[PDB]
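Next up: a single chain in structure tokens, the form deposited in one PDB entry.
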């Protein structure tokens, strides 16, 4: 039945391209114009694609993959045997698809109002408050309000969501949804591997945490910051305290060595979202990589519509499975942070284009982490003072430590948060956490890993996890933890390939063809081989490692230890 295998795969591919392209269409229309009609159509298309999935998934299961020779064929068929949600009986599938849509819409349209009538949306209103306000009470208002409006509204949907996604998981041979999600890495030692990486970054995070806590103590008062306890979750410049770069002004190591207001500069010289993406497109091409198609610039939504339209603002890259149509949907704002995000998303597009000629079943990254890392890698070089200066956005060890601190506030602070999200979800999926303890366990992990505490006590009815995009949107999060670790591994490898000598953090791979070549050969593999092969192609070795990230920040770790030591900080939070 070997010849039958090849035929089946060829047929699965042809048909899947058509149906998946059609689905992307409806999905895109809903995401870029949330309405009753677009929602209705999306739900209808869900059943259509599920029908396709069931038809081929059923046939695929009749193949004893064990008996198949061709490994590339063996691999595709094994993947098609997994029906995902399509495994759910029609009634549950319909209810499931609606739950997902209701949670997404609820999160996307949530607003926080004032007594008068001024209501703020998450993007860019609340996001801006969290990033620029230095008033304890105003930060609290936005922080609590977002959770009161978005978080609480998602709670009514989560338990049923968990029940259905787990059922689908069990119907596909997994013990639960978390199991199914983790399988995407094809790594039996995943959990222990991730745990080890997390532990390796502890010294660095705990030291960053202690330094920032001291700075907040200095700004917000001793009566509000316990130098031996967790940091209130609304003071880090970000709604989820996942990245702390926005409070750089409160923690600058050497305030005597000032740096230009990058954002002010961008706005000052008329930078626009389109300009931001163009610059990213240029960085990829400079490496010899592929430029985005003209179609990209015409169909993408690079700005928040003013049509009055309601949309899903969270940044995302789209592959329409026809090897020609690729788009980015992002409510881009003109500032450095979003400039990095633009590169992030462009990295996804580059990946799409790179493996566009493989069977659609294999048109995925080596693993989800790889897909998230590509753009961040280039953005690391983009963020260097030298590169920013070349873009006319910027104008000495002190400047060096300040830069490292700025990078750390984003990259190091994110490590514990990115680790925490799915630790929580895996436990919800496996039944360890019931709806009675959703929130309480969320905060135990928030405390355990990030050393954060809620500024206001939480109450029955609260569901803060629902206030984070990926939860109601049901998008796995561990990919971002993996990404942040491996992107430094890639940076290190690419820099060495470019001939860079000296401190890793000073490397800029701009215009390096040797660098673009390694990324290219790896991306071309798509999901055709276990990820360690792609890892090997890029770095010369096969494992995930925190060494690159540690080496990158070494100078900062040394500075932080000395600084915290002379101030007598007690690391951690008893």
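Numbering follows the first chain given and starts at 1. Throughout, rigid core stands for the largest set of C-alpha atoms superposing within 1.5 Å between the two forms.
A second form of this protein, the form deposited in another entry, is not displayed here; the remarks below concern that form.
S.K.: Once you align the rigid core, which of 42, 507, 535, 549 turns out to move its Cα at least 2 Å between this form and the one not shown?
M.R.: C-alpha shift of at least 2 Å: 42.
S.K.: Does the distance between the two CA positions of residue 311 reach 2 Å or more between this form and the one not shown, the core being superposed?
M.R.: Yes; residue 311 is a residue whose C-alpha shifts (by 2 Å or more) between this form and the one not shown when the cores are overlaid.
S.K.: Using the rigid core as the reference frame, would you say residue 30 shifts its C-alpha by 2 Å or more between this form and the one not shown?
M.R.: For residue 30, whose C-alpha is compared between this form and the one not shown after core superposition, the shift is 2 Å or more.
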